[PDB]
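Line order of the protein sequences matches chains D and N. FYI, the numbering for the first sequence is 1 to 126, 161 to 209, going by the deposited numbering. The numbering of the second sequence is the deposited numbering, which starts it at 1 and goes up by one. Remarks on the structure that follows.
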Amino acid sequence: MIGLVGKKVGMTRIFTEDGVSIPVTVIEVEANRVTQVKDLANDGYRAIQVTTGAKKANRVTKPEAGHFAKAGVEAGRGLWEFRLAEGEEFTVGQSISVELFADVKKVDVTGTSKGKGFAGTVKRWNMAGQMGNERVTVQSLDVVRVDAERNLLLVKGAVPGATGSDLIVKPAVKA
Amino acid sequence: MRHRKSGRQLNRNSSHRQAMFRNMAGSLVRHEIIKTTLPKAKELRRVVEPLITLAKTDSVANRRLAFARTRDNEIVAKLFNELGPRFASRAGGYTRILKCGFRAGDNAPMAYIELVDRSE
RNA sequence: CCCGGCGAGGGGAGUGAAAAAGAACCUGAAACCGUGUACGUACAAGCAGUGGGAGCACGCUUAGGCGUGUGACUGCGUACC
RNA sequence: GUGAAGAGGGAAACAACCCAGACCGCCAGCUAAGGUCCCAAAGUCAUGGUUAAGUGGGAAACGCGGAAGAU
RNA sequence: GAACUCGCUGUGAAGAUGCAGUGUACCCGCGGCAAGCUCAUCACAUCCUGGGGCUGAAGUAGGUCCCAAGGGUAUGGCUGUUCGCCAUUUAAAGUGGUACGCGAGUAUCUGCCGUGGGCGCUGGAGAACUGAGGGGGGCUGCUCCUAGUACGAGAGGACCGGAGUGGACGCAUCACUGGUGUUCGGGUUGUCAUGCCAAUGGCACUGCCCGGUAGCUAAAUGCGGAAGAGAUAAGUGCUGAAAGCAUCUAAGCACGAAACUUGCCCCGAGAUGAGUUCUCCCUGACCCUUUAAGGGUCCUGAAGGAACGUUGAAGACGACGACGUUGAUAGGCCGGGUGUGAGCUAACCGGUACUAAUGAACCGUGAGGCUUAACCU
Numbered sequence: 001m002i003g004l005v006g007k008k009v010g011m012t013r014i015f016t017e018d019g020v021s022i023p024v025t026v027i028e029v030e031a032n033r034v035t036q037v038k039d040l041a042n043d044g045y046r047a048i049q050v051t052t053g054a055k056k057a058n059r060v061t062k063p064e065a066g067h068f069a070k071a072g073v074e075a076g077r078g079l080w081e082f083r084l085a086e087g088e089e090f091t092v093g094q095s096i097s098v099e100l101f102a103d104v105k106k107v108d109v110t111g112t113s114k115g116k117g118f119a120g121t122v123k124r125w126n161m162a163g164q165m166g167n168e169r170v171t172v173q174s175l176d177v178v179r180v181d182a183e184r185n186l187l188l189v190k191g192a193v194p195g196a197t198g199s200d201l202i203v204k205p206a207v208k209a
Numbered sequence: 001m002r003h004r005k006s007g008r009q010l011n012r013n014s015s016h017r018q019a020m021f022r023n024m025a026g027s028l029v030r031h032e033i034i035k036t037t038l039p040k041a042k043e044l045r046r047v048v049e050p051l052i053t054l055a056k057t058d059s060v061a062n063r064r065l066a067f068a069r070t071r072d073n074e075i076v077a078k079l080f081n082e083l084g085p086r087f088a089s090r091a092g093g094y095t096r097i098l099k100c101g102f103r104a105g106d107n108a109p110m111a112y113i114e115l116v117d118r119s120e
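Here it is in structure tokens:
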């Protein structure tokens with residue numbers, strides 16, 4: 001329905017409620033302000049593009065400052081698109097957190113991987163290319179901790195995100 | 001590999017590179033200013049700043065460690081007595097590097113490394 | 001006389017018919033390497049040329065559609081011994 | 001008969017198939033073989049039918065089947 | 001010999017980059033893969049996964065035929081062996097073309113992957129995306145209420161495909177298991193050196209060993225091969241004549257394979273058909289000509305971008321991201337933690353301008369051409 005964009009704080013094996021060390025990911029949940037909403041008439045489709053974080057004005061150039069002023073929100077780390085559920089429409093300016101995500105336990109995660117240089121053929125194929167640093171589509175994950183006070187989203191297993199790299203979490207429909 | 005690594009490789013023998021670092025640091029501290037290429041200049045600064053920072057504390061163990069890493073009686077004797085009090089107020093960044101174009105012989109970039117005070 | 005390194009080389013002045021005769025020294029074509037001139041080419045497939053060909057600059061009958069330089073393109077075209 | 005030692009035109013090219021022996025030039029017309037829905041030039045011509053299977057547009061002998069073929 | 005040196009199909013003194021047809025490709029570079037035992041590709045004329053007819057098919061299990069290449073289709077002992085013989089598995093260890101495909105497995109050149117410079121998208125720049133199109137995969141054993149139940153004479157024995165549980169593989173992270181981690185610490189033999197003991201350093205692979213920070217690792221686990229939908233072949237059909245019957249068809253007129261697509265994601269508007277959304281900026285003058293998307297001169301140098309300075313979890317070089325005195329971008333210092341063994345602590349985290357990151361310079365404009373239609377004039 002609506003996704004979130006954040007960063008990978010860490011990935012460790014935390015004790016379960018029963019008291020068993022289980023792999024779990026540490027993902028921060030930053031309040032993603034709504035910047036622009038698309039419509040099927042003006043642009044041909046309806047979807048919401050949001051922003052996360054807050055970057056200094058030095059990096060942001062003045063045309064982007066005007067774009068964000070149109071959006072009515074401060075400039076952040078960037079813009080991330082999210083498909084609308086084809087039903088209710090949100091409003092520009094508000095921000096969302098994990099909130100209702102604790103109702104599916106099938107949320108998907110997207111992100112990058114380790115920074116890995118162009119590797120040799122022998123070590124990568126056993161024909162020179164790159165591995166990692168690509169968008170990941172691991173799916174069918176289960177949420178573990180949904181504590182919104184800490185603004186941290188925890189899911190089962192590992193997360194496809196490098197240290198300090200951006201990532202997205204969406205209410206998947208696959209399994 | 002190639003990610004989150006500190007210290008340029010400077011492909012050489014480990015003992016040889018350690019000896020070269022020690023000799024270069026000794027020469028620079030003796031002359032108070034050296035001309036070295038930027039790739040080696042940054043490593044020189046990184047490996048020499050710890051010694052001058054440790055020189056602030058004067059103790060038998062500190063002097064023994066300084067002599068162990070320096071192996072020069074005069075260099076140890078002049079240390080812990082002059083550089084310490086000179087940069088007592090300053091905490092870090094005791095040296096500065098300024099680029100000086102490139103060497104004509106082998107197009108090798110060069111840079112002057114010298115103490116920030118540089119005199120007095 | 002000047003630049004240049006107190007060299008090499010070059011540029012002014014002069015001699016010299018002539019220095020587009022300067023000691024690498026009569027005249028100085030091609031193969032090979034550059035600059036500028038005018039034209040085309042960054043969505044278009046193959047012995048690369050052949051007839052047609054609008055345009056792009058110039059001189060011409062001072063237009064009257066002539067040529068020089070080229071060809072975006074079109075039909076055809078599978079080196080020599 | 002051809003090539004050897006004949007160009008040119010048609011068949012998708014194809015030396016062996018068909019028409020057809022170039023003195024040269026000319027921005028004319030008429031024809032041979034082969035074609036007239038285009039690419040690519042010419043009737044989407046006329047008369048009565050077969051073909052309804054894309055056979056046409058690749059396949060024998062054999063009893064409509066035979067028919068499987070060029071990644 | 002010269003090149004403006006593409007793939008497939010057909011012909012070919014017989015594998016065609018130069019022939020006929022057909023499809024694709026902005027121009028020019030850098031690093032690799034070598035096609036001209038490793039690496040694979042294609043057809044089904046099908047070994048299996050199978051679904052449908054017949055069955056001497058009661059159900060599992062099967063025998064024959066129709067469809068299906070979406071996927072897989074071993075390890076060992078004899079040969080140089082293809083092939084072939086014996087042992088154990090699995091769903092199988094399938095048949096053929098590529099000269100049983102593969103011996104250039106100064107590569108000049110063509111072919112494939114990663115990555116760049118010039119230009120176009122029609123005023124410039126900045127980002128965010130719809131997105132045609134291409135690619136990754138449709139793997140699999142067991143159990144459970146269903147169920148020794150319906151069907152089936154007894155015996156035998158479901159649609160179930162809902163749930164959990166392993167395996168081969170890719171994607172992702174080191175926190176648990178540890179390995180590595182010559183840049184961290186400790187033990188120690190020979191020799192030399194510090195006026196000499198203690199105590200330290202070089203050489204002997206890091207002299208030789210014991211552990212190990214950060215990162216990378218499989219021996220560690222996280223997700224996985226969906227479900228669903230559209231369209232389906234065969235097959236199965238509700239009603240029903242021509243031809244007082246029947247019939248999947250002539251009328252009304254459906255279900256349906258694991259086979260195709262979509263459903264998840266990567267690239268992707270160089271898709272030259274060059275796409276859509278928003279934002280910021282340029283709002284001067286003069287002269288000439290062969291008289292127009294004309295040219296030239298002074299001033300202007302906007303938005304935006306880049307080369308330098310600090311650099312990175314991005315990197316062979318390019319390229320991308322962050323900082324750049326309106327500061328934690330890099331180095332060092334303090335504190336915390338780990339390691340080693342009260343000390344040193346490289347790469348782990350918070351603070352600190354103490355130092356380096358400047359002032360500047362460069363490219364980039366002066367309103368955007370023409371034609372048609374609707375709006376106020």
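Virtual Cβ for every residue (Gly too), placed ideally from N, Cα, C.
- For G120 (chain D), the closest Cβ of chain N is not nearer than 9 Å.
- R118 (chain N) is positioned such that its CB atom lies no closer than 9 Å to that of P109 (chain N).
- When only Cα atoms are considered, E74 (chain D) and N32 (chain D) end up about 11 Å apart.
- Counting every other CB atom within 10 Å of its CB across the protein chains shown gives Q36 (chain D) a total of 16 or more, marking it as buried.
- Inter-residue distance for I96 (chain D) and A196 (chain D) is about 24 Å (C-alpha atoms, whole angstroms).
- Not flagged as an interface residue toward chain N: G10 (chain D), since no C-beta distance is shorter than 9 Å.
- Between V180 (chain D) and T91 (chain D) the beta-carbon gap is near 24 Å, outside 8 Å, which marks them as no contact.
- A Cβ-Cβ separation of about 6 Å places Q173 (chain D) in contact with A206 (chain D) under the 8 Å criterion.
- Using a 10 angstroms sphere on the CB of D176 (chain D), the tally of other CB atoms stays under 16, which defines it as exposed.
- Beta-bridge partners assigned by DSSP to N32 (chain D): D:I96.
- By the Cβ neighbour-count rule, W80 (chain D) is buried, with 16 or more other Cβ atoms within 10 Å of its own.
- Rounded to whole angstroms, the separation of the alpha carbons of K116 (chain D) and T37 (chain N) is 29 Å.
- The C-beta of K55 (chain D) comes no closer than 9 Å to any C-beta of chain N.
- The beta-carbon of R8 (chain N) is placed no less than 9 Å from the nearest beta-carbon of chain D.
- The beta carbons of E30 (chain D) and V5 (chain D) sit closer together than 9 Å.
- Within the model, the alpha-carbon separation for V203 (chain D) versus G166 (chain D) is close to 19 Å.
- When Cβ-Cβ separations below 9 Å define contact, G117 (chain D) makes contact with chain N.
- In this structure, the beta-carbon distance from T95 (chain N) to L65 (chain N) does not fall below 9 Å.
- For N185 (chain D), the closest C-alpha among the options D:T12, D:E28, D:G19 is that of D:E28.
- Contact between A25 (chain N) and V60 (chain N) is absent: CB atoms are separated by about 22 Å, not below the 8 Å threshold.
- Rounded to the nearest angstrom, the Cβ distance from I52 (chain N) to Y112 (chain N) is 17 Å, too far for a contact under 8 Å.
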